[PDB]
Amino acid sequence: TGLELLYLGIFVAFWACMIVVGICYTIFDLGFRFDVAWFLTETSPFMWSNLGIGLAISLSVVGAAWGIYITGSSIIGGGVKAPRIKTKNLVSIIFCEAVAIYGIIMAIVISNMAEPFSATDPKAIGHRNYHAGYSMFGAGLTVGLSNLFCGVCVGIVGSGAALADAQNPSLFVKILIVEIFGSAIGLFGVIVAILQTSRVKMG
Amino acid sequence: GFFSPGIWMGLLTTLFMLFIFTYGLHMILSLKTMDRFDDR
Amino acid sequence: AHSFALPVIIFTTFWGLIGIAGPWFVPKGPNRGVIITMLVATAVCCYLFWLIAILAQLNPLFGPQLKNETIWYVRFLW
Amino acid sequence: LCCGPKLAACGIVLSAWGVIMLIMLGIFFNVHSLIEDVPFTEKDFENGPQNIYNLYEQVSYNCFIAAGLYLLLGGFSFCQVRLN
Amino acid sequence: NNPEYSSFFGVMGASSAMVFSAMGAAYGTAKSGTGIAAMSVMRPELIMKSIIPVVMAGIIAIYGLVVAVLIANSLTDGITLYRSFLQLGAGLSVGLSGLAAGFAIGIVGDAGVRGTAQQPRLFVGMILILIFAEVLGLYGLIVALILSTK
Amino acid sequence: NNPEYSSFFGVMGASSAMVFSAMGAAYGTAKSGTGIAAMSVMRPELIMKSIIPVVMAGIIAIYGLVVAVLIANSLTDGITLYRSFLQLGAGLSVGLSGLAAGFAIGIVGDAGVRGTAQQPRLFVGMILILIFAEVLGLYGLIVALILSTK
Amino acid sequence: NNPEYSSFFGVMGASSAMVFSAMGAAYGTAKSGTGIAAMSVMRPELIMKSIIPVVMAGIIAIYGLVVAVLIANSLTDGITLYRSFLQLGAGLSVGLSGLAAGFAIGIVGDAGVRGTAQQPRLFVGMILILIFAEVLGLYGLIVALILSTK
Amino acid sequence: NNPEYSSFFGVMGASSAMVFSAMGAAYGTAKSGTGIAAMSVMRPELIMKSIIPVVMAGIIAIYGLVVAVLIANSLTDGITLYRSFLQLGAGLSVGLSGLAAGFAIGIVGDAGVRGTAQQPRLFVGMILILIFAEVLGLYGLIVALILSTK
Amino acid sequence: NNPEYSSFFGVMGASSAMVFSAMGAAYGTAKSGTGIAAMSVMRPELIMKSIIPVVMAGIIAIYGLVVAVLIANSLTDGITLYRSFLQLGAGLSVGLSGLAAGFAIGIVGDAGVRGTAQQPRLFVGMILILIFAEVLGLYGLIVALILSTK
Amino acid sequence: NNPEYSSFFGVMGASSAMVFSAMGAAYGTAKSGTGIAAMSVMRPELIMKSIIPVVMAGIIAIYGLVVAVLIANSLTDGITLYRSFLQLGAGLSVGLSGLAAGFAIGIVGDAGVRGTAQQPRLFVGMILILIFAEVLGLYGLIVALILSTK
Amino acid sequence: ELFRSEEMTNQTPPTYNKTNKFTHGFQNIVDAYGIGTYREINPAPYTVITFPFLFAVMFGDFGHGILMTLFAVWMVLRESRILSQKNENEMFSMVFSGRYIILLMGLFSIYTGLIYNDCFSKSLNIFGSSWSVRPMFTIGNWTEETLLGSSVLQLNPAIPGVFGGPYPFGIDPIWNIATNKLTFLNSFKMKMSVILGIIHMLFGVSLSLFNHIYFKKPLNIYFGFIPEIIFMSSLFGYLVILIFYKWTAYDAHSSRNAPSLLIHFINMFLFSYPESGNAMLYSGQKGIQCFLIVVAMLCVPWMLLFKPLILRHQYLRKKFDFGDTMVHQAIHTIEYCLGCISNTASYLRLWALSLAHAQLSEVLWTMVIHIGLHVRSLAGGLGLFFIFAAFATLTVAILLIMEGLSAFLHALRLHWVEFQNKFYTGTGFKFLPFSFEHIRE
Amino acid sequence: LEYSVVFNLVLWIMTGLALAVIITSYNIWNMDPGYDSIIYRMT
């Protein structure tokens, strides 16, 4: 558990330091020196937008990709005694790509809204640009993570489908209903991301 | 001040990609080879 | 200078006749069905592929963004 | 040298590719003395159309030199595969 | 006027609601699907009864959608911040609560399928327990809906 | 007269109360349902009694709903900050305390339900201990209700 | 007029696109080589076929090279920042996408090599599953390309 | 007029390229050498062929030396910062890419070398795969060379 | 005109060059020594040949010793910072590169010596592999020297 | 005219040298004593010679004492900071280098002493290897003495 | 008249497909996915052209298309020597067996590369490039712009009154050297991939009607084919029509705030019809947008549940697990409706791979052979020798082999998953007659 | 002046270097001698 111990030690020290610094700023009655509004305003909306775009596409493929090999290994292993599996159980992978597609479409549609500002001093500049920037960030994150977890779900379910079908061909069709729910969960994230960027403007 | 816009934004992107690197490296390190081969 | 009407007529007739009349002018061997399939499938896919390429470039919204050296060269090339 | 007839044959094919493609490149510039417009121009490019004609001739010369080297390479590889 | 960045928190709320509810549904769904497939190999006659846990998971996913949509439609540029904080709370409230519920959905459905696999009479009991998980998802949704209207 | 962002603390309270309580009830429910499913296979007749730990868990969930709603109704824009700290404290107090109680509810039910099947005389002892877990959950509710009205 | 540091984000994009893609392709290569070495002893006739997962991983590495070079040839000093973030997004997008692709390649290939040797009818399925992962990696490339003109 | 401390990034590049490349080659060397020691005791006639992974690992190390030196010879005091960002990108690009290749070399070397003793027909297959890892390392060098002079 | 704190970096370099290379050599020494002890019980006749990885380990430690001294003899209070960064990079380059080599030395020594105990023909192959580790160590030294004199 | 708290760094040096040196010697001592205790049960006649690893390990703690005192002898209030950095670097250099040596001593002592009882001819090889670890520790001292006096 | 399997001698027969020296390879890549249902429509006669075409789009490279054919020709020229010999190398045997497939794939790749006008990133100048009249550019208040040009590019305006006219054949070569080819040409290929993908799907569906006739299943068209094709036409065919309309309806005169087909398509599905702020493609479009989506929904009940509903009606009157049949049909409906959306995305591989290849060709040329050129005569000539040799090597290693193989697989994927799944359904048995196979033994 | 620069540099430089030492020490601390050959008999 050498790596888990490293991850934990970093995690604990990271937040423990934040607690000490935060409380100290309070204790020493600093003039709101740690100003969240300052961080949000100085941080260029361009980063937030491009980050959300990269997340929307990058997280979604990670999900799909995760599930693909989950079900790939189960299919390949079981298929040694039940080669019929490849005929029908490949649809589990189609669902996995489909989860990536949901995010991919949004990633492009969102990025199509990215524009320059020709802006400098945030003071009274880009009021709408900050809203659109944060919204695009959220919408990208929304769909990215939603597809990420969907892809894992579909992989786990598809694995059971392959193992089941190897022993009873009648089970395949009924199980398909579970993966459909998995796909629907990802679509829900798409609906929200669409709404979040439904009324935005850049530039 | 302790941080500038530049420094902070740089740290934010650095950590995001550092997490990606960590994820990749994690699974790469946790990679084993075979103890023995099945047959001749 | 060119119009679009003429390119369309020339290549539409070419591929159209092949896909429509072509099957009438085919060997009678055992591969006749394959050759007829080839003639028709080829004409349709090839025509549509080309047609988009030439049609899509009509009524353009913008021209190319060229490097300085090329822009000058064209003055005395085209 | 033998070098292996399988590798001599590969050299012959590359040599033929070289001579054919390099001569073609020189011709295209010589005729359109052009869309590619890659003769290795200077950055300080002046209003002198003759500079494009001159550089294009330079490209043809350089290309034919490269072809000449492929002619020598193909000749050598030819004898190797024939003797092997 | 309406300060900048005020919409930031409301966006995080709308995103959090959907993502955490998706997490809950995904866990409960994957766990339920695992148990169902394992049972159906041994006896397929219980498959239809064993489906409900999967819908139960989907409910958490919807819960999250309802609030995330409510907020996402409410999001604008000129937000008075107070409204954004209400949105932040509503988003987290339903998402994180649905996550807890979805976990319970997963664990209870998976164990429930194995239980019924051995003794079908457990069906009604297992559904009643999953009803408590649905109630936990509802409570989260209730609070989130209340906050968004303040 | 009041500072900005003062409402931030309050909304975190209302959310935290519900989320932690759902996490507590969810844990206890998940563990209880697992033990119930495993036990009832051997003793199906106990299915209608072994549900109780799950109800106990639902109580933790209500505890959370009650405070979260009580705080939510007290959320305004012109909050005096002082009141917001009290609301945050009330939210955390009931939520985190209910979380601890839900943990015990889970572990005690899991062991107790199986122990009861192997020992019918344990039923009374199991309930009594669960009563203690409910008392632990209430103590948090009591303080939270005191703070939210202070 | 150019915000300083504007070029910093851009340069990181070109690097990440190459590094993360190499990590993915290397992982897939390492996994495949392990399965290939174990399989090939008993069925050396399959050694040539077993390379396919590795070639596919190599494609992922190229995917990354294309973006890294496209960005590198697009770097200047007076970068307007807007362009820089587009390049950083392109790098990160293809990087993580290729990384995940490579992992799927490696994991599937390892199982595929063993499965095919035991059951040659699985050969096509092995290619298919790897093919879907390669298609997913392509998306990562394309989105990196799209950003270059936005 | 040039930003201060601008040399920092370029210097880190030169060192990073060398260190990460040594890390990659070192891993592949150590892992291959382990397989060589375990293998060649049974098949000493292969001792002069099983070194190849290790040689190819040295290539990764050179790739790093070439860039690390290229960067170091490119540094001055009055650096315009832009150039330094490029130097760090080139350093990391080749270093971390060589690191990824080093893992491939190591894993493939071990599996291939031991497999070769079990099946000598694997010898060529091992080289081909290791060749792909070398190609992955090359891509990093190419990008680093492009950036370092950009 | 000299930035204060500037000398801090150069001093850390002189230390790092020794500390990291010392960690590597120590690992290699301990790892090889363990294998040597195992060999000698089986057969002491090789005890004077298996020492080589340990002697080689020392060479890597010297690499670090040399640079650390060269940096120390190059430290001043009136440092121009540019030179300070070069010294930090040079120290890290040799230290971290020697560190990687040190681990490589230990791993291959242990495997080589243990194998040689059973197969004396392994000795020559062992030496070549250890030679590659020495080459990896040199590369770090070379760059560090180039930077420190830049 | 000197910076405030400039002694802070030099004081950390004097302490760090002693602490890390004790850490190294303690590790080697603990491991050496463990091997000695296990070994001497079989061959009590070797209990005396087997102490050497522990005696050698003490040399590390001595090294640390020497530098830690050498630094302390040069601690004043009006330190030019530069001199403080030198003291901190020298302290860390010898301390962490001694730590590396401590590991080597401990690991080699454990295996060597136990091996010696199994193979009396190992005694000389054990001493030689321990000598290399002592040389590695001295390198730390050498750098610290040169650096702290610069 | 469609090709169908032969009769074999009331049990399910194996599927017998007669093939020849050329078509056998195509049948095998079909069989690799599965053995078709007895009397199923054989997809192979259409694969012979369809698959090479999809490759040619994925591999639309004129220069490599030639090299690809030459490789195939080499194998064919040794056909007699390879057949009458031992071939223990299975990879060589496989590509040999596919030698006629590869040749055709190259043939179409040349066709598509020629229209794209890319031969190793080289344009094909037919003397027809009249896109713009540079002499008039300078007249339009651009006097000595080549002085400032040293630091600028400057994009050629549309409709200046002096530019216009299409390129005679394919894309105007001038875009091959533009800095914004990456928007002009990338967009066209995007739209092309969508159009072709939708057409290919509609073709596959149309074939299902013939299969439904052959097996005398009127119900499979009354509640299947008809509502399914209505769904696809109303949504996906409408989109295609709009794409051509945009190209032919609007000129640069409305380039600012020009209607975006992506936004109108999204607003269509969502019934979002803003009164103003966004220009419509044509008057009344909002009414059409609403009409089509509603109709698409109205066809769904047939395809979703009416098939098992009428089967129950007819079954009970003649007298069938009604619940199970509802499950089957509901899943089928979801797969078809959702798959059409997903399948459309699948055909974006045509764009994605065509672009990816174009990026490899442009970059490999620019960063390898271009740098080998120099104003110094002898050094340039000798450099081109060594650089080109490496360049040709990279073109083969990266594009002719690896990418050609990738495009092979991806086009084959489209055939198996998106095309065949519209009509080529079910399985059959392997046809294994008595034959005198042991000729060499 | 420029505190944020020295601050940023020193904090993250010393933190990364300190961790590299900590991890290296961990890896050395837990070196596996094999616990074989002669260890089983001494144990």
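Residues numbered from 1 in each chain as written, not as in the entry; some residues may be left out. Chains lettered and ligands numbered in written order. Part of a larger assembly, values for the part shown. Heavy atoms only, no water. Residues with missing side-chain atoms left out of burial classes, pairs and counts.

- Structure determination for this entry is recorded as cryo-EM, at 4.4 Å resolution.

A few points about the overall build of chain C
Phase 1 of the analysis: What chain C contains, in helices and strands, is 3 helices and 0 strands.
Phase 2 of the analysis: Along chain C, helices and strands appear, N-terminal first, in the series α-α-α.
Phase 3 of the analysis: Against the globule reference of 12 Å for 78 residues, chain C gives a C-alpha radius of gyration of 19 Å, more extended than a compact globule.
Phase 4 of the analysis: Along the first, second and third principal axes, the C-alpha set of chain C runs to 60 × 20 × 20 Å. (Helix = DSSP H or I, 4+ residues; strand = E, 2+ residues; numbered from the N terminus. Rg over C-alpha atoms; globule rule 2.2 N^0.38 Å.)

Details of the overall build of chain B
Phase 1 of the analysis: Of regular secondary structure, chain B possesses 1 helix and 0 strands.
Phase 2 of the analysis: C-alpha atoms of chain B, sized along the principal axes, occupy 70 × 15 × 10 Å.
Phase 3 of the analysis: Each of the 40 residues in chain B was classed as buried or not, and the buried ones make up 42%.
Phase 4 of the analysis: Only carbon and sulfur atoms are counted for the fraction: they give 64% of the accessible area of chain B, which is about 2400 Å². (Buried < 20%, exposed > 50% of the residue type's maximum accessible area, 1.4 Å probe, protein only. Areas by Shrake-Rupley, 256 points an atom, 1.4 Å probe, with all protein chains shown as cover.)

Some remarks on the UniProt feature "transmembrane region" in chain B
Phase 1 of the analysis: Listed under "transmembrane region" in the UniProt record, and renumbered for this structure, are residues 1–21 of chain B.
Phase 2 of the analysis: What you have in residues 1–21 of chain B is 81% helix and 0% strand, and the ends, taken at the C-alpha atoms, are 30 Å apart. (UniProt positions renumbered as here; feature names shortened; annotations may be inferred.)

Quick look at the interface of chain H and chain G
Phase 1 of the analysis: Listed per partner, the contact involves 34 residues of chain H and 38 residues of chain G.
Phase 2 of the analysis: Within the residue set of the side of chain H that touches chain G, elements represented by two or more residues are α3 (82–118) and α4 (122–148) of chain H. (Contact = heavy atoms within 4.5 Å.)

So, the interface of chain A and chain E
Phase 1 of the analysis: Listed by partner, the interface residues are 38 residues for chain A and 41 residues for chain E.
Phase 2 of the analysis: For the side of chain A that touches chain E, the secondary structure elements donating two or more residues are α2 (36–42), α6 (127–167) and α7 (172–196) of chain A.
Phase 3 of the analysis: The leading source of residues in the side of chain A that touches chain E is α6 of chain A, at 19 residues.
Phase 4 of the analysis: Residues belonging to the side of chain A that touches chain E are distributed by class as follows: 26 nonpolar, 11 polar and 1 charged. (Nonpolar A, V, L, I, M, F, W, Y, C, P; charged D, E, K, R; others polar.)

Quick word on the packing of aromatic side chains
Phase 1 of the analysis: Between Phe9 of chain J and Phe85 of chain J the ring centres are 5.0 Å apart and the planes differ by 75°, which places this aromatic pair in the edge-to-face class. Within this pair, whereas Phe9 of chain J is found in helix α1 (residues 7–40), its partner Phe85 of chain J is found in helix α3 (residues 82–118), the two being separated by 76 residues in sequence.
Phase 2 of the analysis: Within the aromatic cluster, the residues linked to one another by ring pairs are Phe8, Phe9 and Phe85 of chain G, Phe8, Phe9 and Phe85 of chain H, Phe8, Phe9 and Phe85 of chain I together with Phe8, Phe9 and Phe85 of chain J.
Phase 3 of the analysis: Its end group placed over the ring of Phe123 of chain J, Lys49 of chain J keeps NZ or CZ at 5.5 Å from the ring centre. (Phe/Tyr/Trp six-rings, centres within 6.5 Å; stacked < 30°, edge-to-face > 60°. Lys NZ or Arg CZ within 6 Å of the ring centre and 35° of its normal.)

Looking at the environment of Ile52 of chain G
Residues and elements named next belong to chain G.
Phase 1 of the analysis: With respect to the helices and strands, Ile52 occurs in helix α2 (residues 52–72).
Phase 2 of the analysis: In sequence terms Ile52 and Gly109 are 57 residues apart; their C-alpha atoms lie 8.4 Å from each other.
Phase 3 of the analysis: Not counting residues up to four positions away in its chain, the partners in contact with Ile52 are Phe123 and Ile127.

Description of the pattern of salt bridges
Phase 1 of the analysis: A salt bridge links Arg43 of chain F to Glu45 of chain F; the shortest N-O distance between them is 2.6 Å.
Phase 2 of the analysis: One connected set of salt bridges, linked through shared partners, spans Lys31, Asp110 and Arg114 of chain I. (Salt bridge = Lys/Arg side-chain N within 4 Å of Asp/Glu carboxyl O.)

Topic: unusual backbone geometry
Phase 1 of the analysis: Despite not being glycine, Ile159 of chain K shows a phi value in the positive range, around 40°.
Phase 2 of the analysis: Its location among the elements puts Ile159 of chain K in the loop between α8 (145–148) and α9 (181–214).
Phase 3 of the analysis: The backbone of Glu2 of chain L shows a phi angle near 70°, a positive value even though the residue is not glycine.
Phase 4 of the analysis: For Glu2 of chain L, the position within the fold is in the segment before α1 (3–29).

Observations concerning the environment of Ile47 of chain H
Phase 1 of the analysis: You can see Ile47 of chain H is positioned in the loop between α1 (7–40) and α2 (52–72).
Phase 2 of the analysis: Taking the C-alpha atoms as reference, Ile47 of chain H lies 42 Å from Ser74 of chain H; in sequence the two are 27 residues apart.
Phase 3 of the analysis: Ignoring any residue separated from it by four or fewer positions in sequence, one finds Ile47 of chain H in contact with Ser40 of chain H together with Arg121, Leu122 and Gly125 of chain I.

Looking at the packing of helix α1 (residues 5–29) of chain B against helix α1 (residues 6–40) of chain G
Phase 1 of the analysis: For the pair α1 of chain B and α1 of chain G, interaxial distance at closest approach is 10 Å and the crossing angle is 10°. On the basis of their axis angle, the class for α1 of chain B and α1 of chain G is roughly parallel. Only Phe9, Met12, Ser16, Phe20, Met23 and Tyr27 of chain G of α1 of chain G make contact with α1 of chain B, whose side of the interface consists of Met9, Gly10, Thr13, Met17, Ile20, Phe21, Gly24, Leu25, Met27 and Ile28 of chain B.
Phase 2 of the analysis: The class makeup of the residues in the contact of α1 of chain B with α1 of chain G is 12 nonpolar, 4 polar and no charged. (Axes fitted to C-alpha atoms, helices over the stretch in contact; angles between N-to-C directions. Parallel < 35°, antiparallel > 145°, perpendicular 65-115°, else oblique.)

Section: the UniProt feature "transmembrane region" in chain C
Residues and elements named next belong to chain C.
Phase 1 of the analysis: In the UniProt entry, the feature "transmembrane region" is given for residues 6–26 and 34–54.
Phase 2 of the analysis: For residues 6–26, helix accounts for 71% and strand for 0%, while the C-alpha atoms at its two ends are 29 Å apart.
Phase 3 of the analysis: This span, residues 34–54, is 100% helix and 0% strand, and a straight line between its end C-alpha atoms measures 30 Å.

Here we look at the environment of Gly106 of chain H
Residues and elements named next belong to chain H.
Phase 1 of the analysis: By the element assignment, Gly106 lies in helix α3.
Phase 2 of the analysis: For the pair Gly106 and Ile79, spaced 27 residues apart in the sequence, the C-alpha separation amounts to 39 Å.
Phase 3 of the analysis: Not counting the four nearest positions on each side in its chain, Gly106 is found in contact with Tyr27, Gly28, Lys31 and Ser32.

Considerations on the packing of helix α3 (residues 45–78) of chain A against helix α3 (residues 82–118) of chain G
A pair of packed helices can be characterised by two numbers: the angle between their axes and the separation between those axes.
Phase 1 of the analysis: Close contact between α3 of chain A and α3 of chain G brings their axes to 9 Å; oriented N to C, the two are set at 5°. Considered as vectors, α3 of chain A and α3 of chain G are oriented roughly parallel to each other.
Phase 2 of the analysis: For the contact of α3 of chain A with α3 of chain G, the residue count by class is 17 nonpolar, 8 polar and no charged.

Points about the arrangement of the chains
Phase 1 of the analysis: Chain C shows no contact with chain H. Their nearest C-alpha atoms sit 19 Å apart.
Phase 2 of the analysis: When C-alpha atoms are compared, chain D and chain I, though not in contact, are closest at a spacing of 29 Å.

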